[PDB]
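Structure file my_file02.txt with compact mmCIF, C-alpha atoms and all ligand atoms:
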# COMPACT_ATOMS: atom_id res chain seq x y z
CA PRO C 131 -2.71 10.31 -14.33
CA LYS C 132 -5.59 9.69 -11.88
CA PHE C 133 -3.72 9.40 -8.58
CA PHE C 134 -4.96 8.82 -5.04
CA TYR C 135 -3.85 8.26 -1.45
CA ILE C 136 -4.76 5.12 0.49
CA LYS C 137 -5.54 6.24 4.04
CA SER C 138 -5.69 3.89 7.04
CA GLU C 139 -8.81 3.94 9.21
CA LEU C 140 -6.62 2.83 12.12
CA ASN C 141 -4.21 5.77 12.41
CA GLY C 142 -5.25 8.23 9.70
CA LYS C 143 -1.85 7.96 8.03
CA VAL C 144 -1.39 6.90 4.40
CA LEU C 145 0.37 4.07 2.57
CA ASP C 146 3.87 5.32 1.92
CA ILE C 147 6.96 3.77 0.32
CA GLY C 148 9.46 4.16 3.15
CA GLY C 149 12.03 6.88 2.53
CA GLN C 150 10.67 7.21 -1.00
CA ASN C 151 12.96 4.30 -1.86
CA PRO C 152 12.37 3.50 -5.58
CA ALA C 153 14.02 0.08 -5.44
CA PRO C 154 11.96 -3.14 -5.47
CA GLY C 155 11.46 -4.82 -2.10
CA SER C 156 11.07 -1.47 -0.35
CA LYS C 157 8.73 -1.67 2.64
CA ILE C 158 5.38 0.11 2.51
CA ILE C 159 4.49 1.86 5.76
CA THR C 160 1.84 4.35 6.90
CA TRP C 161 3.09 7.91 7.29
CA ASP C 162 1.60 11.39 7.73
CA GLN C 163 -0.18 12.47 4.57
CA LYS C 164 1.99 14.82 2.52
CA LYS C 165 0.92 17.35 -0.11
CA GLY C 166 2.73 18.76 -3.10
CA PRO C 167 5.74 17.40 -5.09
CA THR C 168 7.10 15.28 -2.22
CA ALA C 169 3.87 13.27 -2.02
CA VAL C 170 4.83 11.02 -4.94
CA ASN C 171 5.73 8.04 -2.73
CA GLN C 172 2.24 8.23 -1.21
CA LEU C 173 0.41 8.43 -4.53
CA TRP C 174 -1.07 5.40 -6.25
CA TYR C 175 -3.17 4.57 -9.31
CA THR C 176 -4.87 1.51 -10.78
CA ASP C 177 -3.91 -0.07 -14.08
CA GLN C 178 -6.53 -1.18 -16.60
CA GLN C 179 -7.40 -4.31 -14.60
CA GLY C 180 -7.77 -2.25 -11.44
CA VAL C 181 -4.53 -3.42 -9.86
CA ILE C 182 -2.84 -0.84 -7.63
CA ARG C 183 0.52 0.61 -8.70
CA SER C 184 2.74 3.31 -7.21
CA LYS C 185 3.17 6.67 -8.97
CA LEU C 186 6.84 6.57 -7.96
CA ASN C 187 7.92 3.60 -10.09
CA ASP C 188 4.71 1.95 -11.30
CA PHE C 189 5.47 -1.01 -9.03
CA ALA C 190 2.70 -3.13 -7.54
CA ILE C 191 2.05 -4.00 -3.90
CA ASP C 192 3.59 -7.38 -2.99
CA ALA C 193 2.79 -9.65 -0.05
CA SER C 194 5.35 -12.43 -0.65
CA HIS C 195 7.36 -11.50 2.44
CA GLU C 196 6.71 -10.77 6.12
CA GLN C 197 5.56 -7.22 5.41
CA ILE C 198 4.21 -5.78 2.17
CA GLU C 199 6.78 -4.28 -0.18
CA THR C 200 6.84 -2.81 -3.67
CA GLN C 201 7.76 -5.14 -6.55
CA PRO C 202 7.51 -4.85 -10.33
CA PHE C 203 4.09 -6.10 -11.42
CA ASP C 204 3.80 -9.70 -12.61
CA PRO C 205 0.46 -11.05 -13.98
CA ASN C 206 1.46 -14.55 -12.86
CA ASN C 207 2.12 -13.64 -9.23
CA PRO C 208 -1.15 -13.70 -7.22
CA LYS C 209 0.58 -11.89 -4.36
CA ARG C 210 1.14 -8.77 -6.47
CA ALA C 211 -2.44 -8.17 -7.59
CA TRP C 212 -4.25 -5.89 -5.14
CA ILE C 213 -7.38 -3.90 -5.86
CA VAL C 214 -9.71 -1.44 -4.19
CA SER C 215 -12.91 -3.15 -3.09
CA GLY C 216 -15.14 -0.94 -0.99
CA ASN C 217 -13.07 0.13 1.98
CA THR C 218 -10.62 -2.73 1.62
CA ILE C 219 -7.48 -3.28 -0.40
CA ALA C 220 -8.14 -6.89 -1.36
CA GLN C 221 -6.25 -9.54 -3.29
CA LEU C 222 -7.54 -9.92 -6.84
CA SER C 223 -7.54 -13.72 -6.50
CA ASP C 224 -8.97 -13.75 -2.95
CA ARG C 225 -11.25 -10.99 -1.70
CA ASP C 226 -11.10 -12.60 1.76
CA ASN C 227 -7.39 -11.76 1.99
CA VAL C 228 -6.99 -8.05 2.64
CA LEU C 229 -4.31 -5.59 3.72
CA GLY C 230 -4.18 -4.42 7.31
CA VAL C 231 -2.11 -1.93 9.27
CA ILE C 232 0.02 -3.24 12.14
CA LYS C 233 1.63 -0.70 14.45
CA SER C 234 5.35 -0.96 15.11
CA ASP C 235 6.61 -2.67 18.28
CA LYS C 236 9.83 -0.65 18.25
CA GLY C 237 8.67 2.95 17.88
CA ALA C 238 8.95 2.77 14.10
CA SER C 239 6.25 3.59 11.56
CA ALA C 240 3.38 1.12 11.18
CA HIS C 241 3.76 -1.57 8.52
CA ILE C 242 1.29 -3.50 6.39
CA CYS C 243 0.47 -7.20 6.09
CA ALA C 244 -2.17 -9.24 4.29
CA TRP C 245 -4.48 -11.63 6.12
CA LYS C 246 -8.03 -12.92 6.48
CA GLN C 247 -10.68 -10.21 6.68
CA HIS C 248 -11.67 -9.65 10.32
CA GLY C 249 -13.79 -6.50 10.09
CA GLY C 250 -11.75 -4.16 12.28
CA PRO C 251 -10.60 -0.65 11.25
CA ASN C 252 -7.05 -1.94 10.92
CA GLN C 253 -8.20 -3.60 7.69
CA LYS C 254 -10.15 -0.59 6.42
CA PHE C 255 -8.91 2.17 4.13
CA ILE C 256 -10.28 5.30 2.48
CA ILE C 257 -9.34 6.23 -1.10
CA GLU C 258 -8.54 9.94 -1.28
CA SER C 259 -8.23 11.63 -4.67
CA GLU C 260 -5.03 13.62 -5.12
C1 LIG C 301 16.58 3.74 9.98
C2 LIG C 301 15.80 4.87 9.33
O1 LIG C 301 16.33 5.57 8.46
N1 LIG C 301 14.55 5.06 9.74
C3 LIG C 301 13.69 6.10 9.21
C4 LIG C 301 12.86 5.55 8.05
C5 LIG C 301 13.76 5.04 6.93
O2 LIG C 301 14.53 6.12 6.42
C6 LIG C 301 12.91 4.46 5.80
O3 LIG C 301 12.13 3.38 6.30
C7 LIG C 301 13.81 3.95 4.68
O4 LIG C 301 13.01 3.41 3.64
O5 LIG C 301 11.99 6.59 7.53
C8 LIG C 301 11.07 7.09 8.52
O6 LIG C 301 10.30 8.07 7.93
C9 LIG C 301 9.50 7.67 6.80
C10 LIG C 301 9.31 8.85 5.89
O7 LIG C 301 10.59 9.12 5.26
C11 LIG C 301 10.56 10.30 4.44
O8 LIG C 301 11.82 10.47 3.89
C12 LIG C 301 12.90 10.68 4.81
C13 LIG C 301 13.86 9.49 4.79
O9 LIG C 301 13.18 8.30 5.17
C14 LIG C 301 14.99 9.78 5.79
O10 LIG C 301 15.92 8.70 5.79
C15 LIG C 301 15.69 11.07 5.37
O11 LIG C 301 16.68 11.38 6.29
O12 LIG C 301 14.76 12.16 5.35
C16 LIG C 301 13.67 11.94 4.42
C17 LIG C 301 12.80 13.18 4.41
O13 LIG C 301 12.37 13.52 5.72
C18 LIG C 301 9.52 10.15 3.33
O14 LIG C 301 9.47 11.35 2.57
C19 LIG C 301 8.16 9.91 3.97
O15 LIG C 301 7.17 9.76 2.95
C20 LIG C 301 8.23 8.64 4.82
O16 LIG C 301 8.57 7.52 4.02
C21 LIG C 301 10.18 5.95 9.00
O17 LIG C 301 9.49 6.12 10.02
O18 LIG C 301 10.15 4.89 8.33
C22 LIG C 301 11.85 7.68 9.71
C23 LIG C 301 12.74 6.59 10.30
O19 LIG C 301 13.49 7.13 11.38
Produce structure tokens that represent the structure in this file.
Amino acid sequence: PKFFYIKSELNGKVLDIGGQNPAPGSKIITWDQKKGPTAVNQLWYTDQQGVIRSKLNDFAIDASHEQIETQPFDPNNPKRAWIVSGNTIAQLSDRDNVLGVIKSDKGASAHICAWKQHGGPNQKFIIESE
């Protein structure tokens, strides 16, 4: 219902499920903000507890692998509980661990990782209502 974009303060692009792939394990990148029907893979919402889910498949953000990917939500997996805290997307169980944008080294789209808060814009995001 209440959807929003998560925009990076590093490049101005938004969290986006690469190629709108609905399958679990799909990498989340930053891509030009889209508007209209096709923007679904860039739209997110928070469940009751405040955990971020994707409008595309209701999957959560997961940081179990090298780069963040979408995965079905699991209340027992600390790596799948991410919330909006100020201008940071922080881990529910560790506010010091936050998402950050890392530009591609091979001309690809930027990807996202989770690591200790270091105050730069790469770890800052703006929540934009749909
Ligand atoms: C190898 C490759 O295909 N690289 C492209 C990359 C991949 O397709 C995705 O990472 C697969 O998950 O997508 C890039 O663009 C991202 C945007 O894709 C848009 O959809 C594309 C789709 O990805 C293309 O494969 C398809 O041919 O056209 C679709 C529509 O243009 C999404 O709509 C958009 O939100 C982004 O996710 C990328 O940079 O990752 C382009 C790579 O060349």
Taking all listed atoms of range 188-204 of chain C, build the axis-aligned box, pad each of the six sides by 4 Å, then write its centre and edge lengths in Å to one decimal as lines of an AutoDock Vina configuration file.
center_x = 4.9
center_y = -5.2
center_z = -3.2
size_x = 13.7
size_y = 22.4
size_z = 26.7
- Message: Any residue with an atom at most 10 Å from ligand LIG 301 (chain C) counts, using all atoms listed in the file. Which are they? Put them as a PyMOL selection string.
- Response: chain C and resi 144-153+156-164+168-172+234+237-241
Might you pull out every residue within 9 Å of residue 176 in chain C, with only C-alpha atoms counted and same-chain residues fewer than 4 positions away left off, and present them as a list in words?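 Result of the neighbour search: residues 132, 133, 180, 181, 182, 183, 184, 213 and 214 of chain C.
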Counting all atoms listed in the file, closest pick from C:216, C:205, C:166, C:154 relative to residue 228 in chain C is C:216
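Taking all atoms listed in the file into account, the polymer residues that have an atom no farther than 12 Å from (-12.3, 0.4, 0.1) are residues 135, 136, 137, 138, 139, 212, 213, 214, 215, 216, 217, 218, 219, 220, 225, 228, 229, 230, 251, 253, 254, 255, 256, 257 and 258 of chain C.
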Using only C-alpha atoms, please write the residues we just selected to a file, as a PDB file, keeping the file's coordinate frame.
ATOM      1  CA  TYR C 135      -3.850   8.260  -1.450  1.00  0.00           C
ATOM      2  CA  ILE C 136      -4.760   5.120   0.490  1.00  0.00           C
ATOM      3  CA  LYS C 137      -5.540   6.240   4.040  1.00  0.00           C
ATOM      4  CA  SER C 138      -5.690   3.890   7.040  1.00  0.00           C
ATOM      5  CA  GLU C 139      -8.810   3.940   9.210  1.00  0.00           C
ATOM      6  CA  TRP C 212      -4.250  -5.890  -5.140  1.00  0.00           C
ATOM      7  CA  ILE C 213      -7.380  -3.900  -5.860  1.00  0.00           C
ATOM      8  CA  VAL C 214      -9.710  -1.440  -4.190  1.00  0.00           C
ATOM      9  CA  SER C 215     -12.910  -3.150  -3.090  1.00  0.00           C
ATOM     10  CA  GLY C 216     -15.140  -0.940  -0.990  1.00  0.00           C
ATOM     11  CA  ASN C 217     -13.070   0.130   1.980  1.00  0.00           C
ATOM     12  CA  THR C 218     -10.620  -2.730   1.620  1.00  0.00           C
ATOM     13  CA  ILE C 219      -7.480  -3.280  -0.400  1.00  0.00           C
ATOM     14  CA  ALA C 220      -8.140  -6.890  -1.360  1.00  0.00           C
ATOM     15  CA  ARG C 225     -11.250 -10.990  -1.700  1.00  0.00           C
ATOM     16  CA  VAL C 228      -6.990  -8.050   2.640  1.00  0.00           C
ATOM     17  CA  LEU C 229      -4.310  -5.590   3.720  1.00  0.00           C
ATOM     18  CA  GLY C 230      -4.180  -4.420   7.310  1.00  0.00           C
ATOM     19  CA  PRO C 251     -10.600  -0.650  11.250  1.00  0.00           C
ATOM     20  CA  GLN C 253      -8.200  -3.600   7.690  1.00  0.00           C
ATOM     21  CA  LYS C 254     -10.150  -0.590   6.420  1.00  0.00           C
ATOM     22  CA  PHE C 255      -8.910   2.170   4.130  1.00  0.00           C
ATOM     23  CA  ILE C 256     -10.280   5.300   2.480  1.00  0.00           C
ATOM     24  CA  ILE C 257      -9.340   6.230  -1.100  1.00  0.00           C
ATOM     25  CA  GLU C 258      -8.540   9.940  -1.280  1.00  0.00           C
TER      26      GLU C 258
END
### Message
If I take CA of residue 204 in chain C and CA of residue 227 in chain C, how far is one from the other in Å, to one decimal?
### Response
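So the two atoms, CA of residue 204 in chain C and CA of residue 227 in chain C, lie 18.5 Å apart.
If you measure from each of C:244, C:190, C:173, C:198 to residue 131 in chain C using all atoms listed in the file, the closest one turns out to be C:173.
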Residue nearest residue 231 in chain C among C:252, C:141, C:178, C:194 (counting all atoms listed in the file)
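Of C:252, C:141, C:178, C:194, the one nearest residue 231 in chain C, counting all atoms listed in the file, is C:252.
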| request: Identify which of the residues C:250, C:191, C:223, C:208 lies closest to residue 175 in chain C, counting only C-alpha atoms when measuring atom-to-atom distances. | output: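 Of all the options, C:191 lies closest to residue 175 in chain C.
Put simply, CA of residue 202 in chain C is 16.2 Å away from CA of residue 221 in chain C.
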Point-to-point distance in Å for CA of residue 224 in chain C and CA of residue 187 in chain C
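So the two atoms, CA of residue 187 in chain C and CA of residue 224 in chain C, lie 25.2 Å apart.
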Q | Residue among C:155, C:186, C:143, C:177 lying closest to residue 200 in chain C, counting all atoms listed in the file | A |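 Checking each of C:155, C:186, C:143, C:177 against residue 200 in chain C, counting all atoms listed in the file, the winner is C:155.
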